[PDB]
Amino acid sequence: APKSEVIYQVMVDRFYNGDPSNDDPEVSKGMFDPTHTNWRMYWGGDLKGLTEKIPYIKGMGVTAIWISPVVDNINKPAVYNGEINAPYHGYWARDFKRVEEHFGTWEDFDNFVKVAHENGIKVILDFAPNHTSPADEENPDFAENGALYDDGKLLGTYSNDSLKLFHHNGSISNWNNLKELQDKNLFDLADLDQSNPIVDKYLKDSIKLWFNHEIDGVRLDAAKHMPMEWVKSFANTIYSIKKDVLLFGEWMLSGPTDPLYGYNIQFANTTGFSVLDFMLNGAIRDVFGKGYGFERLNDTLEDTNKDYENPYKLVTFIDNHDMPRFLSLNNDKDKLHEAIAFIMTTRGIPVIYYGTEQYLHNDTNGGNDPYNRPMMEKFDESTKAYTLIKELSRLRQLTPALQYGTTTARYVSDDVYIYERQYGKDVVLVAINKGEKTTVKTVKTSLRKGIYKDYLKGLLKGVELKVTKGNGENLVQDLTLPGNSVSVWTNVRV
């Protein structure tokens, strides 16, 4: 009876500024905007602040915090056309053995792990071993020239790479060619050569250090840009040091016909990392954000459940830091609530991107990066979305049917989706109406006959269920779903 998880993804610089003294550190000064109007500067969020907000996060039923990368990032900005770009997001590492000084010290990090563990919450580290930082081999004064440091000891720069640390093969151009995706630079990011035994032992020593500070898992950045066999050895290293670790990779897919989807599946089946579920994500945004009909969602769900060997390890999401937030895509809270309810009641592990529960969004430039990383504003624990996210996790803890159960579609139309989750004798039936009020024909269900109250207590306009005994499969009768509603029914005792 495995444990069910719920992930909250935090971008540390944009979550909560707990400590003004690390806003503009001496060693890396000039990259802080206190006004939060230059969207590519550090804004001050830090580990102290994240720690103070763990009760808020725990009040949402979150079981694991995916924290954006907190290794030391470059101490000079990347300047493009006079535009200061700070590594406020954490993906431009200079030193994988040190904590980013804008975010805190080792003591602040250890305190964050301690308080998270005090509240029953796993810490999942976003780790980006594909690369260091932006570099121009012909201009060492640009940014930090992709420098790699080992706990303060310089191992090399891109323009002076004595130890053969990096690939010097230009940038990625043919994005459908695997070898090009692995051996060239992701944009201008100095690409690490994990085949170099120096780099191999460095990256593996680094992740050992972080686990010595009691992290519980890894979200693996840019997983398609590294050789799959090295990523497999990397997971073996982590498994060698800790038994129950949550490992999943960001293997980005462009859409349903992405030519590389087969390597993604292969990655998730063999490396020991599962994947973030981009196929399901696109279907979610299509049907809830673009008005497509539910059969696109159920078809995608059915395909993924066969395509992946272990689909209950998939990590599901509605949005993230690399695409417009759902409300930028479609500013409809009812549709957001329904999407949240969906991933909460679908197989695998759902992610809530920070601030979703506060309807946080900025729609400049379509809501695209950097505008999908706004600063957290209110921490209101009474919003309907906060309440929704808090309640469905309770059911995931009462039954494995949500994360680990089979999936049976009971009714699929353009605007109505009824699906059933089963684990042993546990049954959860869910009905989503993203259209107007309607009354459904006759639905099968394995729920015993009787009347079921909405598990959500009408929070999303949910109704009762009325099951008659069919002999064989039972019969749902006279199900009138209000418009823009979600109902959840179960035989699991509450």
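Residue indices: 1-based, along the sequence shown.
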Test of understanding: from the entry's C-alpha B-factors, which stretch has the higher mean, 428 to 436 or 465 to 473? 465 to 473
Taking the deposited Cα B-factors and averaging over 341 to 349 and over 207 to 215, the higher mean is found in 207 to 215
By the CA temperature factor listed in this entry, which of these ranks top: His131, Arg285, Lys243, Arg94? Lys243
From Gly367, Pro87, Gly156, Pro197, can you pick the one with the highest C-alpha B factor in the entry? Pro197
Should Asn372 be placed in the lowest, middle or highest third of its chain by the C-alpha B factor in the entry? middle
Compare the C-alpha B factor of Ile57 with those of the other modelled residues in its chain, then answer lowest, middle or highest third. middle
Where does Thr480 sit by CA temperature factor within its chain: lowest, middle or highest third? highest
Could you say whether, by C-alpha temperature factor, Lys224 belongs to the lowest, middle or highest third of its chain? highest
With respect to C-alpha B-factor, does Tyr80 fall in the lowest, middle or highest third of the chain as deposited? highest
